[PDB]
Each structure stands twice: as C-alpha cells, then as structure tokens.
C-alpha cells in the first residue's frame, strides 16, 4: 500500500492540517526519540552498529564519490557551481537503486516511497541551494526506515552518531565543492546557513559536561580542542571556516545562545526554536512530502 509522497502544504492556511498530521506527530517524536538517545554521550561512544547502518554509510559514500566524479566547472560563474546539477541528476536516476541496497525484497514496493525523501534531502537543482527543509527530509528519510523496521530502536544512537553525522560531512562537502547557496533567508535570521538538527542533537550530547559550557563554543582555541567528540562544535568549526569577520556579526543567533547557562537549556531553547523557525514556517517547510509512512490525515488517537 505504499505511495509516491506528494506535496500537501499549498497555502498558509494548510499549516493547520500539517500540525495535526500523523506525519507531524511522527516526525517530531522521532526527532525527540533520537535526541534523548544521545544525552551526555561523546561521538566516540561505543554504540550498536547494525548492517543497515553500514549499508547506509555505504549509500552516503557513493554520494560522496559522485562529487569527485563530478568536478566543478571552470566557467567564470558566481553563485552555486552548475556541476551541482550534474551531481543531483546522478542521484535522481540512482536514488531507488540505492535505497534498494537497504530494503528487503518483500518490501520492494516501499523503495519508491522511501527514495523520494532521499531525493529531497540534498538541496535544490534549479537554485543550487540548501536549507533545513532539505535536512528535514533526510530525517524523514530515516524515520521511514524505522517505520518499516529496516532501522531499529537499538540503532537510534548510530542513526545520529554514525549515519546522520556522515550525511553532514557529505552536505558540507557539497557546500564547499559546489559553493552552494543558503536556501531563502537561512542566511538572514537563521541559526545557521544550512543545518539545524545537529545543534539539537549536538547540545543534547553536551548535557552535564564537566568543563564545556555553552559560553565556551565561541572560543575557537577551545573549539579546535573538542570538535572530534561533539556534533555541536563540529558545526561551529565549519561556520568559522566559511565566514568572514567576528562571530557576533556572522552568527548572532548562536552568539546569543552561548550566553545561555547550560547545555540543557540550550537544547530546550532549540527544540522550541526548531518548531517556530523551521517546522512551523510556511516558506521553509511547504516542500515536505506526504505518503503512507508519514501521512497528512489527522492524528489517529
């Protein structure tokens, strides 16, 4: 009974049925389920790695590879490099074939439904840009795999620390390689040019840290010291690799968050901020796709 996920949020009044959709409930609970699973734990933690995780990292590694197979054009050019479209096209042809390496045959029919989210998670071919709208789809991608029991509860630490963490390395690579633009006003009032979720699961990691306080993440010296262990700081280091000038100028919203007393409170301030600035923002989220695994119909309870 699987189906090709389709667009359901066409107008601003549509945000209602979204916020009462099964999908919505499914999505956020999934978000918080993983958020809790990562509490106080270093990236170097000993977690369950399952063959499905291995096959996903391999899926992502193919994506990484195609970038190398598709070097940026040498044209003049001034925004996103147009070799991104050549990359994206390779994915559009090959998303199904790829999800197929992770999905058992008795669930063949789900491949098309599942692959859609995959195709929506890497940015925009026309505009060569990327934002939390696409990030969301990669989470929704992963949720679907839980919904069909390809991914397991036992794995929900390796989803963040291994798979999503690799996905982030691949996104950054696309962002450096093809000089991708932030999607819409991600680079105006945004927490970040590109991501959001890693700041959630990142600050969750640092809950109850002995030495490292939210106020410490603006200290670059200290960031270099600790990025290998923590998802939140890796994000920070990436910003400081991409932006001219002083922190408070280029990432003011994060700058103000560093003032927050505890990682616990940051993580509460972000869960909320993620709802408002992203999941409940028409412009960011209207492209979210709705099928059988994450449907639009009213929450059944």
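Positions refer to the first chain, counted from 1.
Residue-level annotation: residue 211 has coordinates in all of the other entries compared, counting only those that model residues on either side of it, so it never reaches the one-third mark. Residue 184 is a gap in at least a third of the other entries compared, counting only those with both neighbours built. Checked against the record, the higher mean CA B factor of 248-256 and 39-47 lies with 39-47. Two stretches are in play, 125-133 and 82-90, and the higher mean C-alpha B-factor belongs to 82-90. Of the candidates 220, 113, 208, 193, the one whose C-alpha carries the top B factor in the deposited record is 193. Across the options 171, 99, 153, 139, the residue with the most elevated CA B-factor in the record is 153. Remark: residue 202 belongs to the lowest third of its chain, ranked by C-alpha B-factor as recorded. When all modelled residues of the chain are sorted by CA temperature factor, residue 240 is found within the middle third. Looking at the C-alpha B-factors along this chain, the one for residue 164 belongs to the highest third. Among the modelled residues of the chain, residue 24 sits in the lowest third by CA temperature factor in this PDB entry. Residue 266: CA B factor lies in the middle third for its chain, per the PDB record.
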